[PDB]
Amino acid sequence: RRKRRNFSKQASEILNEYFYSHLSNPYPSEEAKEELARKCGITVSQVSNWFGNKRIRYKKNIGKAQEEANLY
Amino acid sequence: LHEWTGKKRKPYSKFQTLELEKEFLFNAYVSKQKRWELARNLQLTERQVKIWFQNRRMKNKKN
DNA sequence: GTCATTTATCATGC
DNA sequence: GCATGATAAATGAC
């Protein structure tokens, strides 16, 4: 349980790409989570965890360099 | 800022978790009476005990 | 009831 | 010493 290992650097870029491109509505559908899971090589449960962590930590970081990261 | 951007959790003690887990082994679903009994014994509200068993069952399915 | 979330904690990477 | 992924309380939609 919780054998934490950081995802691929490219996988993080993919997740970040979808997040900042859909910053108006950062809630991917079930089918959207599956596509992200395949590109990142992770599971859909790990996709939901990442978005769950990103949304609160983005809101937490509001607002310093997150405005810059909205260029994805 | 975005529209989607627009309390308070406290981790239970070891005693509370063990008793809640012990009862969960007997039955994954708990009646209104036993829920009140656990709430009184484990210093929680009836809703908290209710919510705990709901989360516990979901955890049990994910495993 | 389930179940996707929000949020704080936790544990580990580094 | 923080970042990050995962888990534990708590809420809300259905």
Side-chain angles (χ1 to χ4, degrees), chain A residues 2 4 6-8 10-29 31-66 68-70 72, chain B residues 2 4-6 8-63:
Chain A
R2 198 185 286 171
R4 197 189 76 89
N6 296 334
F7 296 154
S8 179
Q10 183 181 6
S12 299
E13 292 291 341
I14 295 181
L15 296 176
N16 283 316
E17 177 178 347
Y18 185 91
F19 177 79
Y20 290 110
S21 301
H22 302 67
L23 238 181
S24 60
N25 186 21
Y27 295 88
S29 61
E31 296 79 7
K33 290 178 180 177
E34 295 177 15
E35 299 183 23
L36 292 178
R38 296 157 187 168
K39 298 179 182 180
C40 297
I42 62 182
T43 66
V44 290
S45 183
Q46 292 179 309
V47 172
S48 299
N49 292 335
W50 189 92
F51 276 88
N53 289 323
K54 196 66 182 66
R55 284 189 296 266
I56 180 60
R57 289 167 184 173
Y58 163 82
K59 178 162 55 180
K60 157 236 179 182
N61 286 331
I62 290 183
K64 38 168 185 176
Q66 300 293 337
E68 171 187 352
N70 206 345
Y72 273 68
Chain B
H2 298 75
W4 64 268
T5 64
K8 209 71 166 181
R9 77 167 300 264
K10 166 63 190 174
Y12 297 162
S13 64
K14 274 295 183 179
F15 177 77
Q16 288 180 323
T17 300
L18 288 170
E19 297 296 308
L20 285 174
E21 183 67 24
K22 176 180 178 299
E23 183 65 33
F24 180 80
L25 261 57
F26 285 103
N27 51 324
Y29 299 85
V30 162
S31 63
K32 320 95 183 179
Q33 334 297 333
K34 198 72 172 61
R35 202 168 60 204
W36 177 89
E37 175 182 338
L38 292 177
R40 168 181 168 269
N41 292 332
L42 305 186
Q43 310 294 335
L44 300 169
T45 64
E46 289 182 272
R47 171 171 175 168
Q48 276 179 321
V49 182
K50 165 186 171 61
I51 292 178
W52 188 94
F53 278 87
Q54 293 178 177
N55 290 324
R56 183 59 183 89
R57 289 191 298 268
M58 294 300 101
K59 174 188 177 181
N60 192 20
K61 294 186 61 178
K62 294 172 183 178
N63 293 330

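By convention in this document, chain letters (A, B, ...) are assigned in the order of the sequence lines, proteins followed by strands, and residues within each chain are numbered from 1.
Set against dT2(C), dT7(D), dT7(C), the side chain of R57(B) has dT2(C) as its closest nucleotide. Here the nucleotide nearest the side chain of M58(B), chosen from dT2(C), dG13(C), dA6(D), is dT2(C). With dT5(C), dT9(C), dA3(D) as the choices, the nucleotide that has an atom nearest any side-chain atom of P11(B) turns out to be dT9(C). The side chain of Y12(B) lies closest to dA9(D), out of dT6(C), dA6(D), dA9(D).
Of the side-chain N and O atoms in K8(B), none sit less than 4.0 angstrom from OP1 or OP2 of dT7(C). The shortest distance between the side-chain N/O atoms of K61(B) and the OP1/OP2 oxygens of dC3(C) is below 4.0 Å. In terms of phosphate contacts, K33(A) brings a side-chain nitrogen or oxygen within less than 4.0 Å of OP1 or OP2 of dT5(C). Of the side-chain N and O atoms in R47(B), one or more sit less than 4.0 angstrom from OP1 or OP2 of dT11(D). When the side-chain nitrogen and oxygen atoms of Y58(A) are compared with OP1 and OP2 of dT7(C), none of them lie within a distance under 4.0 Å. Within the structure, a side-chain polar atom (N or O) of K59(A) is placed less than 4.0 Å from OP1 or OP2 of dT7(C).
Between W50(A) and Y18(A), the distance from one ring center to the other does not fall under 6.0 angstrom.
Going from atom CD of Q16(B) over to atom P of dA8(D) covers 15 Å, rounded to whole Å. A straight line from CD of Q54(B) to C1' of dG12(D) spans 11 Å, rounded to a whole angstrom. Distance, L20(B) CG to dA10(D) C1': 15 Å, rounded to whole Å. In this structure, the NZ atom of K59(B) is 12 Å from the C1' atom of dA6(D), given to the nearest Å. At whole-Å resolution of the value, CZ in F53(B) and P in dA10(D) are 15 Å apart. Computed from coordinates, the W52(B) CH2 to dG1(C) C1' distance equals 17 Å when rounded to whole Å. In this entry the distance linking CG of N55(B) with P of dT6(C) reads 15 Å, nearest Å. Rounded to whole angstrom, the span from the CZ atom of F51(A) across to the P atom of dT7(C) amounts to 17 Å.
A salt bridge is absent between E19(B) and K22(B): the closest approach of a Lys/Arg side-chain nitrogen to an acidic carboxylate oxygen does not fall below 4.0 angstrom.
Residue-level contact check: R57(A) touches the bases, meaning some heavy atom is under 4.0 Å from a base atom. Among the heavy atoms of the strands lying under 4.0 Å from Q48(B) are primed sugar atoms or P, OP1, OP2 only; no base atom is included.
Smallest separation of non-hydrogen atoms from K33(A) and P28(A): CE-O, 3.4 Å.
Taking the six-membered ring where the residue is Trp, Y27(A) and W4(B) present perpendicular rings, their angle passing 60° and hence far from 30°.
The furanose ring of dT6(C) falls on the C2'-endo (south) side of the pseudorotation cycle, as its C1'-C2'-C3'-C4' torsion is below zero.
Taken from CD1 in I51(B) to CG in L44(B), the straight-line distance is 10.5 Å, to the nearest 0.5 Å. Note that the CG atom of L25(B) and the CZ atom of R56(B) stand 7.5 Å from one another [nearest 0.5 Å].
Judged by atom type and distance alone, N6(A) does not reach the base of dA3(D) through any side-chain donor-acceptor pair under 3.5 Å.
Ranked by how close their nearest DNA chain D nucleotide is to the 5' end, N49(A) and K60(A) are led by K60(A). Between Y29(B) and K62(B), it is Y29(B) whose nearest contact on DNA chain C lies nearer the 5' terminus.
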